[PDB]
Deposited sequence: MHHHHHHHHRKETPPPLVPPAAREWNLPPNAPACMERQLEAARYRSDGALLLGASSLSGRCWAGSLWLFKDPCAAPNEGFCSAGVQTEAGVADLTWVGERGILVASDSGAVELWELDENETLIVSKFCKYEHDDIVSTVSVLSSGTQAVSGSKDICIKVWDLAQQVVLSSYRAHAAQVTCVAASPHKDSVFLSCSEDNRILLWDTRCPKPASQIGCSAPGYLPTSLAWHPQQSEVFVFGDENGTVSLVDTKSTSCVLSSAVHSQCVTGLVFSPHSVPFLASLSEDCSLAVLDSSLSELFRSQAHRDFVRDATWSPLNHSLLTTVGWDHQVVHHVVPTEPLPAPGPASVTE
């Protein structure tokens, strides 16, 4: 199994999806795993399923309960699906529609369409069923850094780029992108229970709370903010991971509640347990799979 742990996502039952990359050495590839026992990760000998990808895994996300959508260094969007026995991870389609590394992917509310971002500066809307690109947009003027579908609106999604633009998308309009009013944004997270509120981290390590109408901020990390994940609670917690190798859990007002420094390298992802809401898993390029107990 590759060294650089890229992504980590829990599903309904509780299985742990791992996306890893080989960012050095002879072969620069990647793999996908499934750990029905989250405590066994990242040990390969005690996993539920696994399969090697041709190139690295820049991003991924579930597509239901047996689907895995992947953004590959090769410039193609990938869809993998577990069999009826959940022991094999078979490729569903591999479409090379981007002209550079696919850096970010995200499923839309309906679970039948997805949006992909790429270093080619383009954002494309995908029809997972037909395995085709519905629309192809070029709104930014630099590398697309993150794209996140609306949690409940299947035609709305956010995207930030190195052009310093945070764009709100609504494909129901002739011009579907709107520029939302610093340092380059690097991570986007919709609010679980507000729908019109979202948070975003910048390269300078700042996390901000933004409301749809037209602002709260806080210096959380000492480096780039790589990801932001809300907890499943009624009033959710805000987990932020950074290149400073630290995990932070914030409250409603963006105040720090938990601070973990277990990782010795970049912290790439963080996923909350659907079985125990106070447990939060993290992964990093140090090949660690840490399980945190967030005090509630």
Deposited sequence versus model: which ranges have no CA atoms?
-> 1-34, 216-219, 253-255, 338-350
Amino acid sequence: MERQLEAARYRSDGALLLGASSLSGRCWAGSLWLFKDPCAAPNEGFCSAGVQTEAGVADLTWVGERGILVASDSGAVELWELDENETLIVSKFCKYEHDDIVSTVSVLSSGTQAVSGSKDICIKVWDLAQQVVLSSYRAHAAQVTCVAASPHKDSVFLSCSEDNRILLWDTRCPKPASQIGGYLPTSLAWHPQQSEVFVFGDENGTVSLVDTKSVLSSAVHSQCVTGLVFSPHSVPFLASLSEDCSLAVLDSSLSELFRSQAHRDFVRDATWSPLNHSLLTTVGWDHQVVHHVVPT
From here on, numbers count along this sequence of modelled residues.
Can you let me know which of the two, 146-154 or 89-97, has the higher average C-alpha B-factor in the entry?
-> 89-97
Taking the recorded C-alpha temperature factors, which stretch has the higher mean, 263-271 or 50-58?
-> 50-58
Note to self: of 219, 122, 188, 216, the C-alpha temperature factor tops out at 216
Between 202, 170, 83, 163, which carries the biggest CA temperature factor in the record?
-> 83
Third of chain Cα B-factors occupied by residue 78 | middle
The third of the chain into which the C-alpha temperature factor of residue 104 falls is the lowest
Name the third of the chain's ranked CA B-factors that contains residue 174, choosing lowest, middle or highest.
-> middle
Which third, lowest, middle or highest, does the CA B-factor of residue 110 fall in along this chain?
-> middle
Lowest, middle or highest third - CA B-factor, residue 117 | lowest
